[PDB]
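Single chain ahead, by itself, as structure tokens, in the form deposited in one PDB entry.
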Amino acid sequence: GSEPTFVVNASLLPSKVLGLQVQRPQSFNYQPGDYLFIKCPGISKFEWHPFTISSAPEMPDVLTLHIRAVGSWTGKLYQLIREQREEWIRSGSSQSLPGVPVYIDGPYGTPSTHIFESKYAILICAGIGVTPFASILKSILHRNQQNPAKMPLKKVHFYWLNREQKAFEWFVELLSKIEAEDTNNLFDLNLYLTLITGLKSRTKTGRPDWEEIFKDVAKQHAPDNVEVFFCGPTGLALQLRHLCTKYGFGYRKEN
């Protein structure tokens, strides 16, 4: 689905991240975990770059993307949006904020959307790899307030690894809101620096002991199936793949 829309707003967030807000076309349906390709003619007339929709589809007028400046195209879009926003602190009030025109193509699925059909799920992510899971956690919130107990999902074990403490700020509010509203203990939140967050859940330190974690989760849910969903580096995916075979957990090869 190709359409000419606009970044109507953006946050600048630690570790050179943009919280893009993009105007959602009337016809654009998506599921949590979906991504799209985005073209920004102001950056490159012809290049398309894929990004997770970090929002949940229950939010009604805007899509969110969280994009980290890691190289040429994201570095440029960061500088464009920083510069347009500076330009406005200095002299902006006259007319409302001008939207960055962008084209979007999607949505495109990942098997992560199957999380809502799983009984027990492990979500492991590194860095901005969190975004698909950000979308899924928000969607799970809306879906308990709306239709309680219509979800086969009984337990979500969440693990989010970060080199820099500041990066947890991207979704500290979401994690807080989940800590407040999860009386029934659907979620097991685990933040690793590779509380410190101001959450009830203490930020842990070092690489997790994945062997001990899988052993414990296997023990909790035997003899039922556990599904592992991963968004992160290949070195970790090799370890996780070996562990999913050892304990009988679902793995999708995505690295």
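Definition used throughout: the rigid core is the maximal C-alpha set that superposes within 1.5 Å between two forms. Position 1 is the first residue in the sequence shown; the rest follow in order.
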For the neighbouring pair residue 220 and residue 221, the stretch of deposited sequence with no coordinates amounts to none
Entry B factor averaged over C-alpha atoms, 195 to 203 against 225 to 233: higher for 195 to 203
Mean B factor on CA atoms, stretches 95 to 103 and 67 to 75, record says higher is 95 to 103
Top Cα B-factor in this entry, restricted to 40, 213, 59, 36, sits on 59
Residue set 80, 128, 178, 123, per-entry CA B-factor max assigned to 178
Chain-relative C-alpha B factor for residue 171 (record values, thirds): the middle
In terms of its chain's C-alpha B-factors, the third that includes residue 246 is the middle
Split the chain's modelled residues into thirds by Cα B-factor; residue 111 lands in the middle
For residue 30, the third of its chain by CA B-factor is the middle
Of the three thirds of the chain ranked by Cα temperature factor, residue 157 occupies the lowest
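Just so it is clear, the following notes concern the form deposited in another entry, a form of the same protein that is not shown.
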Superposing on the rigid core between the shown form and the other one, the only one of 102, 126, 80, 141 with a Cα displacement of 2 Å or more is 126
Check: Cα of residue 233 displaced 2 Å or more between the shown form and the other one, core superposed?
Finding: yes
Next item on the list: Verify the C-alpha shift of residue 16 between the shown form and the other one: is it 2 Å or more after superposing the core?
Entry: no
| message | Please state whether residue 214 has a C-alpha shift of 2 Å or more between the shown form and the other one, with the rigid core used for the fit. | response | yes
Taking the shown form as reference, the Cα pair residue 126 and residue 82 shifts by 3 Å or more in the other form and sits farther
Working note: in the other form the C-alpha atoms of residue 72 and residue 126, off by 3 Å or more, come farther
